[PDB]
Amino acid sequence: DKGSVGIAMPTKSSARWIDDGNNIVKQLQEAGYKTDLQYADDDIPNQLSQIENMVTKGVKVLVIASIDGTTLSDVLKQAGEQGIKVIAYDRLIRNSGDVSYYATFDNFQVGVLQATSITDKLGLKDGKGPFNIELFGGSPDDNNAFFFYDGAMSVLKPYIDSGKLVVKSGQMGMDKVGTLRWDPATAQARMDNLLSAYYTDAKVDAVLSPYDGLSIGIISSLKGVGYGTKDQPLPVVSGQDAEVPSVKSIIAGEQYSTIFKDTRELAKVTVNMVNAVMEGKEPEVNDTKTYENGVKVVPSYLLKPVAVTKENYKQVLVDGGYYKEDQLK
């Protein structure tokens, strides 16, 4: 037979990975492969055990979206010893030469888009400012978080340097703005304490949020101190993943933007890679320079993300079939 593919997803607490998993499995099975899809509920030891089982089971290919890829070094070595090819899915797996390919969206560009939605809304290109902004990052054990952050700062930093953007808290850098495990409650708490320490007098004009789940928590915090009223509008808040609650928030004129990353397209890239490996061919890659993982630069294929606001949500999210119309009502 064609062989089996082991698919390891990190959690279901962030909505996308259910879609990733469903789409990867649907497309792999259509392609004639057997699949073993597992979700780790954000438990690092359990994800490792799940991957060990796939290796022991003798899958031909592993597709892994890791909570913390650095913990997988030994199991990926074992996979390599058995001739199993490893595709890092969405998040780069670091500290392992046993990672063959990396399928993802253009993570730096995601950051550029997140920051640009904010700077465009604030009218910074038109010389407006100063405005107060606070920064959030993803989980520091997620290689993507650094790219989202760096991508955003490529747009933001020039305005911070010129004073047209002011980080009133002074908190910058992933070691200070990172949100462990991409946890909304954590981000909401940080927002609470940013507001009380730095914005009891002044107002926040924007918040760089790298993920929809965080955006919603950040917004709750802001409403907690009086934002989101007619007199006092919410600051401009970005996002990622186009989760339903965030899309509803955008439609309602609350959260400002998000980033659409079509998991159907990422699954398709993944199936193309699996097919190539099975056929003894080289997978198509479009970036062999960016994704250093500590041991090597993993050959990667990057998909182009799409910024979404209340202006384009229908065309981007509904007309293209990602969601049904009624899901957003």
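One rule holds for the numbers: they count along the sequence shown, beginning at 1.
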Checklist outcome for this item: With B-factors read from the PDB entry, the higher C-alpha mean of 23 to 31 and 62 to 70 is in 23 to 31
Checklist entry - On average, are the C-alpha B-factors higher in 136 to 144 or in 225 to 233? => result 225 to 233
Item to check | Largest Cα B-factor, entry values, listed residues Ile218, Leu76, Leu113, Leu195 | outcome: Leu195
Item to check | Per the PDB entry, maximal CA B factor within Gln109, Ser154, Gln171, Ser96 | outcome: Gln171
Checklist outcome for this item: Chain thirds by Cα B factor, record data; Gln50 belongs to the middle
Item to check | CA B-factor placement of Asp241, once the chain's modelled residues are sorted into thirds | outcome: lowest
Checklist entry - By its CA B factor, does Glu292 count among the lowest, middle or highest third of the modelled residues in the chain? => result middle
Checklist entry - Comparing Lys164 with the other modelled residues of its chain, is its CA B-factor in the lowest, middle or highest third? => result highest
Next on the checklist: For the chain shown, is the CA B-factor of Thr263 in the lowest, middle or highest third of its modelled residues?
Outcome noted: lowest
